[PDB]
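Survey of secondary and tertiary structure
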Amino acid sequence: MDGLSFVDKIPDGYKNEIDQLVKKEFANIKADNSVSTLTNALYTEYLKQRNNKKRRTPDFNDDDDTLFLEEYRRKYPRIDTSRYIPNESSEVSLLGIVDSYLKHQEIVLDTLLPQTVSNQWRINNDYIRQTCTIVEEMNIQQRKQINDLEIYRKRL
Amino acid sequence: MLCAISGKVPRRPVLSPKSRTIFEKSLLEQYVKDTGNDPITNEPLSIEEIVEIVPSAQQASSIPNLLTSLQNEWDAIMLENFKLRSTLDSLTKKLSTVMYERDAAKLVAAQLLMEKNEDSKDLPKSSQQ
Amino acid sequence: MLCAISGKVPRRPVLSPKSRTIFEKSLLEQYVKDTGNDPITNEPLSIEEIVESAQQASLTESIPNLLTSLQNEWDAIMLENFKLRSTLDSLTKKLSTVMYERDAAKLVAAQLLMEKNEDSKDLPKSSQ
Amino acid sequence: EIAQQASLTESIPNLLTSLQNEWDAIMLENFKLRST
Amino acid sequence: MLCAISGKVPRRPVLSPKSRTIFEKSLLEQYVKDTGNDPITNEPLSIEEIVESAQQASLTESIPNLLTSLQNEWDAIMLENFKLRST
């Protein structure tokens, strides 16, 4: 488990080396209704279902069919012209009121970006001290190790 | 489609204008004549207070439920997307913790291999002499 | 400011008293009827336990609401969840490659733990 | 403040064109009643 | 966007779980320390009761907002019919 990240100042060759040894040990081991059916089929096939491309074109001196199609264009154009009246009445006040809401929504996210930033650096900060604590202790151990190694020889 | 006194299907649904609850004209009228009160809330109520007979006038006896149906199917769409995302991010935590710990555990080997190697030449050069 | 189920910006937000989290009324009311518990914390919660303005500027070119806008909405719902199902499938596959490579490393360490200390032990014995 | 029976249309791309037709019909059923 | 007690733009909004209303933490905290209550409804509330996931959202713009739009369309057109039924 133990591998000191901050203390071990470990080349790319060692990653490539260890990857090969890990690789060799891997060589050894080796709820909705009908809605979901049509939605998954639409996405898989990459084709959206065609809508009513009729109101836009039409034609004068048609028949009973275009008499309907004509009368459709009138009522929707009157609804359109009424739908543009209540927008222009308020105008830009309704738009800029929503623009202000979006600024309150945005700043909230970036506050959380900082809260995460601080606690993430704070955890790493605690790790750092641990790394330097033990890395010294390991240094102490190795020095003592080398002392015996030659001490035992010089006695014999 | 039920009266709130007897429990019968009301053929003349009248309602009291103190507590909103559709009774039948016969039963509510017998309750008012018994004691001038509403049977559910025990508030003040009279016979003239009751609104009797059906309401259809300048109305005529589709479309609105299609939009309701469109809402109901969307309600599932949202519920599905939530549970799909939970498992998405919850698995990413396992992915992240593993990959980090994998390359962390990988550095154990790099260290271990070089020390093992050091033990070989040391002993070999010593055992030689 | 958002709902904690769909990822909406709620029109009638309602907060639960067991876990402080704001949901849109329709979506929380649906969950309680499906299974009577709080979706996040999995704690007992009912409809009575719940405790109850946003402006969108309708575009200048607002026919399109029936045809173009509604079409795009069910395209965007369709191709996202399909792509999201694709993302979930790969995470589980990439999970299996993670755990296998992890366990492969465990065996290396275990193999090297026997190797190293015995090599060190042999140096200690050599002196004698 | 004072029966709810849910419509089960039948056995989705078609339901798009239904809602189109129903709005198309109501627009003319409102128009015809005003010229009269 | 506003704090209901002061009327300012709150820089640390915390929503209560008894009277649902966005209060500024520093303001509501003092209100609770005065007496354990919610300022609006005068129901009991403590500091732990006051509260400041993984699905990403996008801003409320012109599917659900589109469906509520079509209600406005039809509900207005239904009143248009009354003007001609009554006349």
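Parameters and conventions
- Residues numbered from 1 in each chain as written, not as in the entry; some residues may be left out.
- Chains lettered and ligands numbered in written order.
- Part of a larger assembly, values for the part shown.
- Heavy atoms only, no water.
- Residues with missing side-chain atoms left out of burial classes, pairs and counts.
- UniProt positions renumbered as here; feature names shortened; annotations may be inferred.
- Helix = DSSP H or I, 4+ residues; strand = E, 2+ residues; numbered from the N terminus.
- Rg over C-alpha atoms; globule rule 2.2 N^0.38 Å.
- Contact = heavy atoms within 4.5 Å.
- Nonpolar A, V, L, I, M, F, W, Y, C, P; charged D, E, K, R; others polar.
- Polar contact = N/O pair within 3.5 Å; in protein donor to acceptor, adjacent residues only side chain to side chain.
- Salt bridge = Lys/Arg side-chain N within 4 Å of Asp/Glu carboxyl O.
- Axes fitted to C-alpha atoms, helices over the stretch in contact; angles between N-to-C directions.
- Parallel < 35°, antiparallel > 145°, perpendicular 65-115°, else oblique.
- Left-handed = near helix turned anticlockwise from the far one by under 90°.

Its PDB record attributes the structure to cryo-EM, giving the resolution as 3.60 Å.

You'll find chain C entered in the PDB entry as Pre-mRNA-processing factor 19, with Saccharomyces cerevisiae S288c given as the organism.

Per the PDB entry, chain A goes by Pre-mRNA-splicing factor SNT309 and derives from Saccharomyces cerevisiae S288c. UniProt, in the comment section headed Function, describes chain A in these words: "Involved in pre-mRNA splicing by stabilizing the NTC (or PRP19-associated complex). As a component of the NTC complex, associates to the spliceosome to mediate conformational rearrangement or to stabilize the structure of the spliceosome after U4 snRNA dissociation, which leads to spliceosome maturation." Quoted verbatim from the Subcellular location field of the UniProt record, the comment on chain A reads "Nucleus".

With that out of the way, let us pick up the overall build of chain A. Within chain A, the regular secondary structure consists of five helices and zero strands. Along chain A, from the amino end to the carboxyl end, the secondary structure elements read α-α-α-α-α. Computed over the C-alpha atoms, the radius of gyration of chain A is 37 Å, more than 25% above the 15 Å expected from 2.2 N^0.38 for a compact globule of 156 residues.

The next subject is the overall build of chain C. Within chain C, the secondary structure is distributed over two helices and two strands. Starting at the N terminus, the α and β elements of chain C follow one another as β-β-α-α. A compact globule built from 128 residues should have a C-alpha radius of gyration of about 14 Å, whereas chain C, at 28 Å, is more than 25% larger. Each of the three principal axes of chain C carries a C-alpha extent, and together these read 95 × 40 × 25 Å.

As a further point, take the interface of chain C and chain B. At the interface, 25 residues of chain C touch 22 residues of chain B. Among the elements that make up the side of chain C that touches chain B, the one with the highest residue count is helix 2 (residues 68-126) of chain C (18 residues). When grouped by side-chain class, the residues that make up the side of chain C that touches chain B number 13 nonpolar, four polar and eight charged.

Okay, the side chain of C:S19 next. All names here are of chain C. Within the fold, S19 resides in the loop between strand 1 (13-15) and strand 2 (22-24). A polar atom in the side chain of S19 sits 2.9 Å from the side chain of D38. Apart from residues no more than four positions distant in its own chain, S19 is found in contact with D38 and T41.

Where charged atoms of side chains with opposite charge meet at close range, the side chains can pair. Across the pair B:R85 and C:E80 runs a salt bridge whose closest N-O atoms are separated by 3.2 Å. Of this pair, B:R85 sits in helix 2 (residues 64-128) while C:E80 sits in helix 2, placing the two residues on different chains.

Another point: unusual backbone geometry. Residues and elements named next belong to chain B. For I53, which is not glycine, the phi dihedral falls at a positive 70°. Locating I53 in the fold gives a position in the loop between helix 1 (25-34) and helix 2. The phi dihedral of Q58 is positive, around 55°, even though this residue is not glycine. Mapping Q58 onto the fold places it in the loop between helix 1 and helix 2.

Time to look at the packing of helix 2 of chain B against helix 2 of chain C. Contact geometry for helix 2 of chain B and helix 2 of chain C: axes closest at 6 Å, N-to-C directions at 20°. The pairing of helix 2 of chain B with helix 2 of chain C is recorded here as roughly parallel in orientation. By crossing handedness, the relation of helix 2 of chain B to helix 2 of chain C is classed as left-handed. Partitioning the contact of helix 2 of chain B with helix 2 of chain C into residue classes produces 21 nonpolar, three polar and twelve charged.

Residue position: C:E24 is located in strand 2. Beyond its immediate sequence surroundings of up to four residues, C:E24 is in contact with C:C3, C:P10, C:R11 and C:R12.

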